[PDB]
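The form deposited in one PDB entry is given below as one chain in structure tokens.
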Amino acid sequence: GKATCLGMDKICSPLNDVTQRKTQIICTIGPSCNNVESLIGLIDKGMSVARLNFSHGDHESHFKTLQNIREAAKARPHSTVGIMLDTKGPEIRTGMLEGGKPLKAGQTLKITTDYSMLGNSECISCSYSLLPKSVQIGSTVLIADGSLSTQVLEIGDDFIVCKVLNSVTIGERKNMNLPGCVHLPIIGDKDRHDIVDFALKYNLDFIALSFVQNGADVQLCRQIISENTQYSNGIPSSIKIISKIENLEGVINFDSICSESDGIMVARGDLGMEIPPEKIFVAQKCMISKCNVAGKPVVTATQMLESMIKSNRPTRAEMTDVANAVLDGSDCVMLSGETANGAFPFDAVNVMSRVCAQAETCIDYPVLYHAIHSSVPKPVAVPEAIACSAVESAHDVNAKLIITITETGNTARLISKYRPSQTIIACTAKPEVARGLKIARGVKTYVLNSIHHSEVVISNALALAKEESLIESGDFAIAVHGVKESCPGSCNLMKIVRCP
């Protein structure tokens, strides 16, 4: 480690201190940060994308929250905020309890498939009616992100009984996992409805597709998008499909899924089920690596600052956990309970940002570039060659910025794949192109009315980047754009400019 020890040589000196975070941040929006004032708070602390978990909320609160995010967005024109719909999918939920939270290690616990039943510390409810017919005796049934472990003793007609293996006092519409076993579709009636009549209807940027198990699941979601063009004038939506790997089937079929998807989302808590706890990091590190090579953005969806749901400070363990997620090659990190129903959403996003910024300094960039550069077969398409020259030139002359003028975001995604030390600024006229880039590592975006006068776009971008403390006068920047006529002809070029 060379870059990591240059980091330690700075820790041992009096001096300024310069770090700008490139890892994108997803914030799960809920009661704790639902209003316009909180969402502006999250944007300032470094929210890249707003996540709506459609496992929670109702028709009314979903619409209200969308309006609040977009009102908060208008109050910060220099920050672009992506909006992600996270599908319910074939999840299984506990039913509601009598009053509040109930369970002691060694006890038996009954689970009924009558959801309309107020549960206690002996009998609880289950949303899955085929629960007895999809379980054997000795089967492990995990509850609440796999915090409560149980073993099935008895299987009835419309119930099961489970031996509790943990002392814990948590409940109320928490998730249930049935490892190795679930006769539910990946994209059900509700999910096809939520995609068409919310994600497509209100022109969202990301569908986080829950429990993806093979390429065909992603092809199905793409078919729904191409078939339902009613809310986009008859042009298929450019909304991005982020496949969530939540089970061993997904891991087995990763190569196919990763290829079909626009991105990948992995959580340690989900893979916990069928894959032994001491093996999960193997799967997570490999899938992230595979994504880095494929040039597909990967999100570490792991809840990594759990202590910050109740505390204003995290633990040292939690910071090391985030740092390793970044060093593993994560494009993007995610806050769940810390933002959605926690006491310190702003502090949680702030901590996540600072740790990410620090972990990014320990990346040996040369090693990483030459690794990815040698993975792509030659010859390549012009944009990918321009992308490489941008990243190479930037390093060679110690530029602080890479600016790309784009109608699609193609060149920005390609530059992001080569993982430069410099912040990427994607200058575009199309807001959905700007929002769509907000899971890509290191991509800030500037939304303009025109991109036709390249000299002016680069001038205005350098000026705005100056006011965002990304660059100073005399510093180098790489500018990248196409020319349509008299280049001669059409072309793509790369300028090494100086910030005035």
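Start at 1 and count along the sequence shown; that's the residue number. Rigid core (definition): largest C-alpha set, two forms, superposition within 1.5 Å.
The following text describes the form deposited in another entry, which does not appear among the structures shown.
Participant: Shifts of 2 Å or more at the CA atom, core superposed, between the shown form and the other one: which of the listed residues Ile160, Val326, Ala72, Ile83 is the one?
Facilitator: None of the others reach 2 Å, which leaves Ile160.
Participant: Quick one: once the rigid core is lined up, does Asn34 have its C-alpha move by 2 Å or more between the shown form and the other one?
Facilitator: Comparing forms between the shown form and the other one, the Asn34 CA shifts below 2 Å.
Participant: Answer yes if the CA of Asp255 moves 2 Å or more between the shown form and the other one after aligning the rigid core, and no otherwise.
Facilitator: Result for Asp255: no, shift under 2 Å.
Participant: Classify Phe346 as shifted (yes) or not shifted (no) between the shown form and the other one, where shifted means its C-alpha moves by 2 Å or more with the rigid core superposed.
Facilitator: No, the C-alpha position differs by under 2 Å between the shown form and the other one.
Participant: Work out the direction of the Cα-Cα change for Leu85 and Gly146 in the other form: closer or farther than in this form? It's 3 angstroms or more.
Facilitator: Farther is correct, given that in the other form the C-alpha spacing of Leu85 to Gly146 is increased by at least 3 Å.
Participant: What happens to the Cα distance from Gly146 to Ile439 in the other form: does it get closer or farther than here, with a change of 3 angstroms or more?
Facilitator: Result: farther.
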